[PDB]
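> A structural model of the following input is requested.
(2 chains, ligands or ions: 8)
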2 protein chains.
Amino acid sequence: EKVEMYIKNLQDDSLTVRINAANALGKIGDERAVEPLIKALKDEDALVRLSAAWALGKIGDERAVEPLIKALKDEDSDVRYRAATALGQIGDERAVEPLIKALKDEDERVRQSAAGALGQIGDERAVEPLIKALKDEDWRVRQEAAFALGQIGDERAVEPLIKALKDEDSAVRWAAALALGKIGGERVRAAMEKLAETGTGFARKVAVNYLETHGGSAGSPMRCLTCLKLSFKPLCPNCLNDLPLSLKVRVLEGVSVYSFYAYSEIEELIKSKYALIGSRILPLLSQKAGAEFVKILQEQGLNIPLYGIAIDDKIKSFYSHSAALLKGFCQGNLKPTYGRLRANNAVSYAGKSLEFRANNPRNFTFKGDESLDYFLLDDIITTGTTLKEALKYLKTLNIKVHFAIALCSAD
Amino acid sequence: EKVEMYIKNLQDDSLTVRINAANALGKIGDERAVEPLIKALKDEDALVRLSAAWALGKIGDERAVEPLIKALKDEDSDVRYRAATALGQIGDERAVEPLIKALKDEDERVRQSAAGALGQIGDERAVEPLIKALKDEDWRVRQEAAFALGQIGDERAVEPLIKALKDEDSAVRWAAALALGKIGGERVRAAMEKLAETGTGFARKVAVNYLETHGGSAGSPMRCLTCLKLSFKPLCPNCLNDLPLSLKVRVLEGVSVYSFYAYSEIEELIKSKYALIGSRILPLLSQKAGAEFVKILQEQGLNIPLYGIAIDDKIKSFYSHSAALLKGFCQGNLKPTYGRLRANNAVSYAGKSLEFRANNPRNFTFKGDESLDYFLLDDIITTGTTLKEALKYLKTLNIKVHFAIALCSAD
Ligand SMILES: O=P(O)(O)OC[C@H]1O[C@H](OP(=O)(O)OP(=O)(O)O)[C@H](O)[C@@H]1O
Ligand SMILES: O=P(O)(O)OC[C@H]1O[C@H](OP(=O)(O)OP(=O)(O)O)[C@H](O)[C@@H]1O
Ligand SMILES: [Mg+2]
Ligand SMILES: [Mg+2]
Ligand SMILES: [Mg+2]
Ligand SMILES: [Mg+2]
Ligand SMILES: [Zn+2]
Ligand SMILES: [Zn+2]
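Residues are numbered from 1 along each chain as shown, chains lettered A, B, ... in the order given. Ligands and ions are numbered 1, 2, ... in the order given. The structure is reproduced below:
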């Protein structure tokens, strides 16, 4: 590195060489450049003074705090702006009182950068002056003071920030709503409830999102089961989107079988198929799967009306589980049919060997129109025994089965 | 409707007619079918008894509560299961004590359906018996008791549910973690902190998501600026994904100009370009835009290395705003270049008429290799004055400008 070369270039006669040396020492900043840059703050030209101030904040050494405090009283508003920004970047408590005075500066950029620096330092002494800054003539200063109050997290700012939600500027209302959510509490919850209902823009977005996780509280309010956010469906769209959809194809009895999820990735959701609460989760997964499958059929060219057959469930389930899973999957040219195929025995293959499954068949029975174009759907495929049996049985009845869907794959 | 026809079919001699009448009255359920269905609960066949019980819960009339309580002591476990489910669907407090006894049933399905019904009713009296049910031999009963305790929301269940996070079944741990998050509090926050760090599966997912919004609390912890969730980037991927990306194309000086967002949809994020906190939001938006644009170039066939030129920013910004916006956009065959194009005046067109803009030009200056394949990038297009001027200037210098990018559109 050339750190020591740039340190020498700070005392050059050429202005463009002195400036480039200060900017270079801001990127490749070493503690060796701190003392030479402190001297560069007393340069004749303001372009060198502001570049040295910028570089000192980028280095972050506590030695530059006192000369940067003197640079807050500089004749040039660009040098004052850089000194205020740098003081917050360093984060030393000594800059708090000098930065509080900079909040009353003539230049709106110096006021704004001093407010942001006070939030970066996080000292409680800045709370009252930043509350006054929420009534500045420049909206950029108001916005920066609201953001700084949220970074400090002092409750003394709650009522002034609630009044800032009625500001004329959209970015100021947004900064105030954010600051409120960062502080939290009962007065904030009540302000968010009014802002979500009557507010607009990004301020309303913050309020709506805050109430999804904090508000709406009740013993039994409908919530998402993977993130606990308030949601009418047991899986919010964000959580549903995060579920890994892995498409696989196997050929069983000449019929193509499509799976959409791996058992290892949705194990708990599958295990909860006979739970009261975790029941309505599977129709959400099959709706996601059916939407991708309908695109596959269009790419294939299979645009004929198709009729779904589900393996009829027994009294061991809370509701018509297969009917709900099939109703969710069906969309586009897919249409659901109920009670066409049923097993004469209620044996469970879960956790059983391939030998047990092959020796315990479900005696299938078909009851419906045989001239229709069908497809069968089931929740999971482990060994393919159940599907091979259903396909073989319907093939003997001369029934058109275009494909089979097994939502989840364990094979 | 045929409600009164099905009411008569309940007293038919044919078994298949009596069953279909009870099932039909469960879908097209009227209060007129309640008294006939109460009589159908005392049928000789269990298939009629369970269908009448199912239909009574679907109707939800309080008159069926007492005969369904008697149906909890039925000889058939399928009729008991249906009576327990229906009692929770109605939600009458009178079923609480009879359902508490059903938690000790021989059939694991009756115990499970009674636990879920107790959670639907929401009465506090079920808390202690449901806590005992968290130690059932059947994991489906344990899972249902954990879900029911979360629906009641009584704090007496916190410590037994914290012990359920160490259950041998994955769905039971998941149900217990959900129930804890639904109750909330300091003991829950501490249990979520250990579960997020040391747990696995969906139980860990719930814990991680709960801590993103409730935990990690500090005065200045890095948070998302649209949902307040803990996030190192000022916009979490979920919030970034929700931002409406609207691609538009205009031709300025023969050069195609691409925009990716509407000003009306990201107004506050654009307005905050010169704010300290809201600064790093725009490079996130241009990274999202550049990822879609790189797919457009591949579809077009423009696979040549392209070099980005940004309109150089002045001392009015916190950092190199254009450099950060260009660095975020560039990916794939797009490579960034800095300080090649600069305006000799710092006039601001924001909120000015088309007349003001056309009479106040930015005297552009190019400094770089002219033989390169370039593209220019800017944050917003309102009237196209700035872009028409930059393109016209570079065209006179015989410089290859393949296209222009204006992240945001106000035109
Ligand atoms: O590919 P396979 O080896 O045939 O296994 C798949 C079958 O296993 C499950 O049924 P199960 O018999 O366990 O019924 P259940 O719904 O009563 O648990 C599942 O619902 C499928 O029907
Ligand atoms: O399409 P147009 O009509 O030319 O307007 C677009 C220009 O307006 C803004 O610049 P501005 O002059 O406001 O600079 P600023 O960043 O200092 O506010 C923006 O950054 C573009 O340069
Ligand atoms: Mg099954
Ligand atoms: Mg559907
Ligand atoms: Mg500009
Ligand atoms: Mg990038
Ligand atoms: Zn969710
Ligand atoms: Zn977010």
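
> pretty sure residue A:397 contacts residue A:369?
No: checked against C-beta atoms under 8 Å, the pair residue A:397 and residue A:369 is beyond contact range at 11.4 Å. All C-beta spots, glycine's among them, are computed from the backbone N, C-alpha and C.

> Tell me the spatial nearest neighbour of the residue of the stretch 301-411 of chain A found nearest ligand 7, not counting adjacent residues.
Residue nearest to ligand 7 within the stretch 301-411 of chain A: residue A:328 (17.9 Å; C-beta to the ion). Distance criterion C-beta to C-beta, 6 or more residues apart in numbering or on different chains; nearest residue to residue A:328, sequence neighbours excluded, is residue A:283 at 3.3 Å.

> Report the secondary structure state of the one you found.
helix (DSSP: H, G, I helix; E, B strand; the rest coil).

> What's the separation between it and residue A:272?
13 Å (C-beta to C-beta, to the nearest Å).

> follow-up on the earlier one: can you tell me the element the residue of the stretch 301-411 of chain A closest to ligand 7 falls in?
Per DSSP states H and E: residue A:328 is located in helix A:321-329.

> other SSEs contacting that helix?
helix A:282-300, strand A:306-310, strand A:334-336, strand A:373-381, strand A:400-409 (3 or more C-beta pairs under 8 Å, 6 or more residues apart in numbering or on different chains; DSSP states H and E).

> now with 6 Å?
Using 3 or more C-beta pairs under 6 Å, 6 or more residues apart in numbering or on different chains; DSSP states H and E, the elements in contact with helix A:321-329 are helix A:282-300, strand A:306-310.

> name the element residue A:113 belongs to?
helix A:108-121.

> Is that helix positioned near chain B?
Yes: Helix A:108-121 lies within reach of chain B by C-beta under 6 Å from any C-beta of the partner chain, at residue A:116.

> and the stretch 151-300 of chain A, which residues reach ligand 7?
Within the stretch 151-300 of chain A, the positions lying close to ligand 7 (C-beta under 5 Å from the ion) are A:224, A:226-227, A:236, A:239.

> Distance of the residue nearest to residue A:109 when sequence neighbours are not counted relative to ligand 2?
Once flanking residues are discounted, residue A:109 sits nearest to residue A:81: 4.9 Å by C-beta to C-beta, 6+ apart. When distance is defined by C-beta to the nearest ligand atom, to the nearest Å, residue A:81 is 15 Å away from ligand 2.

> Quote the end-to-end distance of stretch A:330-337.
10 Å (C-alpha to C-alpha, to the nearest Å).

> again, but for stretch A:389-408
Stretch A:389-408 has its terminal residues 18 Å apart, counting by C-alpha to C-alpha.

> cool, and stretch A:245-264?
Note: stretch A:245-264 ends 12 Å apart using C-alpha to C-alpha.

> Any part of that stretch near chain B?
No: Stretch A:245-264 lies out of reach of chain B by C-beta under 6 Å from any C-beta, never closer than 9.8 Å.

> Which positions in that stretch come out as buried?
A:245, A:250, A:252-253, A:255, A:257-261, A:263 (16 or more other C-beta atoms under 10 Å in any protein chain shown).

> any idea which of these is the one closest to ligand 8?
Of all the buried residues of stretch A:245-264, ligand 8 sits closest to residue A:245, with 23.0 Å by C-beta to the ion.

> quick one on the thing from earlier: have a look at residue A:283 and residue A:272 and say which one is more surrounded.
Neighbours per residue (other C-beta atoms under 10 Å in any protein chain shown) separate residue A:283 from residue A:272, with residue A:272 holding more: 25 against 19.

> ok so, going back, surely the residue nearest to residue A:328 meets residue A:322?
No: with contact defined as C-beta atoms under 6 Å, residue A:283 does not reach residue A:322; the gap is 10.4 Å.

> Contacts made by stretch A:336-344 with the rest, please.
Defining contact as C-beta atoms under 6 Å, 6 or more residues apart in numbering or on different chains, one finds that stretch A:336-344 is touched by A:307-309, A:312, A:323, A:326-327, A:330, A:362-366, A:368.

> let's go with 8 Å and repeat that
For stretch A:336-344, the external contacting residues (C-beta atoms under 8 Å, 6 or more residues apart in numbering or on different chains) are A:307-312, A:320, A:323, A:326-327, A:329-330, A:362-368, A:374, A:376, A:390, A:394.

> What subset of those is buried?
Buried, going by 16+ other C-beta under 10 Å: A:307-312, A:323, A:326-327, A:329-330, A:362, A:364, A:366, A:374, A:376, A:390, A:394, out of the contacts of stretch A:336-344.

> before we move on, back to that, overlap in contacts of residue A:283 and residue A:272?
Here residue A:283 and residue A:272 have no joint contacts, going by C-beta under 8 Å, 6+ apart.

> out of everything not next to it in sequence, what's closest to the most centrally placed residue in chain A?
Taking C-alpha atoms, centre = their mean, the centroid of chain A lies closest to residue A:238, which sits 7.6 Å from it. Closest residue in space to residue A:238, ignoring its immediate chain neighbours: residue B:238 at 4.9 Å, by C-beta to C-beta, 6+ apart.

> Check residue A:358 too.
Residue A:358's closest residue in space is residue A:385 (C-beta to C-beta, 6+ apart), at 6.0 Å.

> same thing with residue A:125?
The shortest distance from residue A:125 to any non-neighbouring residue, by C-beta to C-beta, 6+ apart, is to residue A:96 (5.3 Å).

> mind listing what's buried in whatever helix or strand the one you found lives in?
Using DSSP H and E, residue A:96 sits within helix A:96-102. Within helix A:96-102, the residues that qualify as buried by neighbour count (16+ other C-beta under 10 Å) are A:96, A:98-100, A:102.

> got a list of what the nearest residue to residue A:116 once chain neighbours are set aside touches?
Leaving out its chain neighbours, the residue that sits closest to residue A:116 by C-beta to C-beta, 6+ apart is residue B:276, at 3.7 Å. Going by C-beta under 8 Å, 6+ apart, residue B:276 touches A:85, A:88, A:113, A:116, A:119-120, A:144, A:147, B:318.

> is it possible to export these to JSON lines including neighbour count and distance to residue B:49?
Below are these laid out as JSON lines (neighbours: other C-beta atoms under 10 Å in any protein chain shown; distance: C-beta to C-beta, whole Å):
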{"residue": "A:85", "neighbour count": "25", "distance to residue B:49": "78"}
{"residue": "A:88", "neighbour count": "23", "distance to residue B:49": "75"}
{"residue": "A:113", "neighbour count": "27", "distance to residue B:49": "78"}
{"residue": "A:116", "neighbour count": "27", "distance to residue B:49": "73"}
{"residue": "A:119", "neighbour count": "25", "distance to residue B:49": "69"}
{"residue": "A:120", "neighbour count": "21", "distance to residue B:49": "72"}
{"residue": "A:144", "neighbour count": "32", "distance to residue B:49": "71"}
{"residue": "A:147", "neighbour count": "27", "distance to residue B:49": "66"}
{"residue": "B:318", "neighbour count": "21", "distance to residue B:49": "75"}
